[PDB]
Each structure stands twice: as C-alpha cells, then as structure tokens.
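Think of it as A, B, C, D and E in the order they're written, each chain with its own count starting at 1.
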Amino acid sequence: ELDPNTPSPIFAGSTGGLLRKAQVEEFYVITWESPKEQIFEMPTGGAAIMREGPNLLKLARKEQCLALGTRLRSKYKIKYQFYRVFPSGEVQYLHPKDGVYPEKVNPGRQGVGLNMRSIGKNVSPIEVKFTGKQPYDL
Amino acid sequence: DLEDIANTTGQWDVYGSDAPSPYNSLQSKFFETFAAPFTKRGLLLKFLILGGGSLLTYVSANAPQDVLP
Amino acid sequence: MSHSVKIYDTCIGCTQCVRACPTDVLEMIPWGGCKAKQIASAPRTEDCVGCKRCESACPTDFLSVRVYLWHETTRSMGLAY
Amino acid sequence: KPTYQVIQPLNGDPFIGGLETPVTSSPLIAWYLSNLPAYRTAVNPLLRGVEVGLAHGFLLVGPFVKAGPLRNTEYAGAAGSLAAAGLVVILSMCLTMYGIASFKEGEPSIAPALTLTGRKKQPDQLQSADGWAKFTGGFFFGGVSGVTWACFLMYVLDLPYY
Amino acid sequence: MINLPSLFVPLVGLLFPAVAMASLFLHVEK
C-alpha cells in the first residue's frame, strides 16, 4: 500500500512470502535493530538492505521469521523481535512475554516431562481401555 | 524550457481506478425469472439429478434396433 | 501429545549441547538439583512443527522424538496454504 | 511516465508476491477483464452467468462433433448437441455442490448502484450462497442453449489445410 | 418391442457414481 507508506526492510519484488492464508487466518511478523546500511540474505529467496525505521518485516509463518537469527545472528546484534498479528488484535503475544533468549531463568511456564510414569520400563504397554474415569487425559 | 513540456495534458492522471467504461448491455430482466427453476433454486438440484440424469441415460441408452457396439 | 516426543535425558544442561529447533523449546526451567540445573523436556509446545532436530544433538538417552503427534494442526505443518 | 509505473513490486509492499510485471497488471490487459468478475462484482452473479454459460457454451462442439468418438458425423443429431448437452449438465452441479462451500444466507438486492462501491473488503468471500445459485443457474441456461446456436448454425466452414 | 435391457450399467457404473461423488461430498460438507 501507499497513501500510508510506513516501510523499513528494503526488497523490491518476489513470488516468495505472504499469500491468501495470512488474511483469512493468522499473520506472523519479525522486527529488529541494526548499525549501518547492510545487505542481507532473506527467507523466500531474494536479498536486500537495512538502515532502520522500526526495521519491521512481515512474514507468512513463524518458522520463517526466526531464521533471521540462524544466520541473522552471525551478523551482530542483541535485539530481533517477532510477534503475532491477527486480522484483529491479540492473545498469543509471541516474543513479547517474559525475559527472552531460550536458555535463562525467570519462571517455568509449561513443559513438565514425565507423563504419568517416567522413561523407565514402559515394556508395560497401553494400559486401561480408554474409559471416562481414570487420569489419562494428559 | 520547451522540453519542459508541462506533461502534455497531465490526464488527471490516473484516469482512475475511476471510469474507463460504462457497464453491461441492457439485456437483463429479459431473463428476469425467464428460465426460473434455478431462479426458484429454493430447495432443488435433487430433482435435476434424477430428472435430467434419467433423461441423458434412460433413452440415451436403450435404442429400438441397435446400430450396435 | 498433542506433541509428545520424549527427548528428556538427565543433564538438561544446554551448553555445547542443544538449541536448534524453530521456537518450540523455551526451557531453562531449573529443577531444584540436576547439575547444570536446567531440566525437563519442553515448554508450551502448541506453536511449532515436528523436527527431531530436537535431539540430533544433546542426549535423550532412550528415544529422541520425531513426528508422533497425530492430532496435527496446520500451523503444525508449514502447509495450511 | 517513469521506467515502468512509479516502479513497484505489487500494488505496494514487496512482501506478498505477485511480482507485478506485465502479463499481470498492464492497462493493456487489466481492462480486458472487468465488466466481468475480475476487479469488481458488476451486477450480481445473476446475469454474468449466461455470458459465462453461453460463451463457454457454443465451445465444446467441434471438440465432440469433429473429434467425436466415431467422428465426422452423418447423424442429424451431431455437429452440435448430440450428448455434450451433458458436459454443461455434468458440470452444472459440479458447481451447485461447490456453492455448498458457500452458505452465508441473505437477500439485499444490491445490483442497483449506491455510493461508488469498493465492496471494500471485496476480496475473500462476501458472495453468499444466494448469489452462487443465480450464477450456476445462469450457467445451465448458457450451457444447455449455448450448445444449440452451435448446433443450429448450419456450418459454412473453412477447412484445409495442409 | 425387441432388444432393450440396457439401464443397469449407467444407473450403476454411471448414475450411482453421480449420486455419491455428489452426495458424499458430504465429507467436505452437507
């Protein structure tokens, strides 16, 4: 679009990213910092430049927009930041939340790791026949 | 400045998304309900798939004196 | 399960060990005593696909995960588009 | 004026694809396609139905009257209708049970005009079932029918051909 | 009338299929 033109992450064309299923459902988008005008690599096959603004490129699906790291941290910078856009608002605050850099401690959140019994002798197969009264819905 | 021609008629320009043809020939409601039954579409199709398709196949296969396979 | 592939081990230390894997694994959740004291097997897994890049590196000493999830979204396979 | 429009990948942002080159968005083409259901929904789907039914109609003749199973027919019921007044029928409900992937149940009547449209978020759907009926209803009377001024037209024919 | 038993290959091999490829597009929706 143009009458509102708010860009940041230079490109020109491409038959790569975003298409019909990013309106009709979910969106996904990455943002970042940078020093002085440098030419990058890109998801979807292409390649462009930087300088600033928000430095806020929008991306099809979130496996796509963290790869700016799997190389876009072999090119300096603490700060890179992707969220989740809808067609209307929030719940799922993607790189928002608490702390960041998957390998620190504030809280514990989810995970667990065990099931009922642990990795031990599950030569014990599947137990009860699935029946609505004995704790196997987890 | 002559080839500064002040863009020999700007145009306005961008014609538009605006308006480079009127529309569709006035031929219409010359079919109003004319051919309805898909213009009474109010529960159908089951009717046209026994009917039409029992007469693209009833007489369609049968024949009174072969002209065989 | 809905994503349930066990990569657990016993060290759950993550230095020169394992990090790789699109989003899924925001761990370092130190359980009150396991050496380099960071533990378990996952965080909130309702986010990403089905790798086994999950092990490939840093032990699971048993199995190692793969696809087993069945109940499988789309954001859970690249292609809901 | 410029090198090629104000030079652009898409309408605007270059993170959607389409790579608007020619064969995509040259005023040379994009106009040869918008009295019809390309950019904007003229009148309802009602009428477009038969220009669609019919044009596609009197096709499928020489295809199955000059390439027919045992071809070049000496049967007064071929060089036209014959059977093919079957394709339009095998597909004039190949459609209706796709307009069951459309429901959304209404009745506004806005094929008359108001304030220079947009139909706005006109993309995505925003054409309910009671629309896709009056089209695939225009299809039957466009298909079957469009098959006969094929057939009905004698055949004054050009041919050879080498 | 003479020689006419040809309806139990379309009603089956042809029309019965029409029904279900239509109908059973109930797997998509109904």
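Here is the rule we use: a residue touches a chain if its C-beta (ideal position, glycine included) is under 8 Å from a C-beta of that chain, and two chains touch if they have at least 3 such contacts.
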{"item": "Top chain pair, ranked by how many C-beta pairs fall in contact", "value": "A-C"}
{"item": "Computed distance of Cα centres, subunit E from subunit D, in Å", "value": "28"}
{"item": "Interchain centroid distance [CA atoms averaged], subunit A/subunit D, Å", "value": "41"}
{"item": "Between subunit A and subunit C, centroid-to-centroid distance (C-alpha), Å", "value": "16"}
{"item": "Rounded Å distance, subunit B centre to subunit D centre (Cα mean)", "value": "6"}
{"item": "For subunit D, residues that touch 2 or more chains besides their own", "value": "93, 97"}
{"item": "Contacts with 2+ other chains: residues of subunit E", "value": "18, 22"}
{"item": "Pairs of chains found to touch, sorted by chain label", "value": "A-C, A-D, B-D, B-E, D-E"}
{"item": "In the complex with subunit E, residue positions of subunit B that touch it", "value": "49, 53-54, 57-58, 60-66"}
{"item": "Subunit E to subunit B touching residues, read off their complex", "value": "1-4, 6-7, 9-11, 14-15, 18-19, 22"}
{"item": "Residue numbers on subunit D that touch subunit E, as the complex places them", "value": "90, 93, 97, 100-101"}
{"item": "For the subunit A and subunit C complex, residues of the former touching the latter", "value": "19-22, 25-26, 60-63, 66, 102-105, 107-115, 119"}
{"item": "Residue ranges of subunit E in contact with subunit D within the complex", "value": "18, 22, 25, 28-30"}
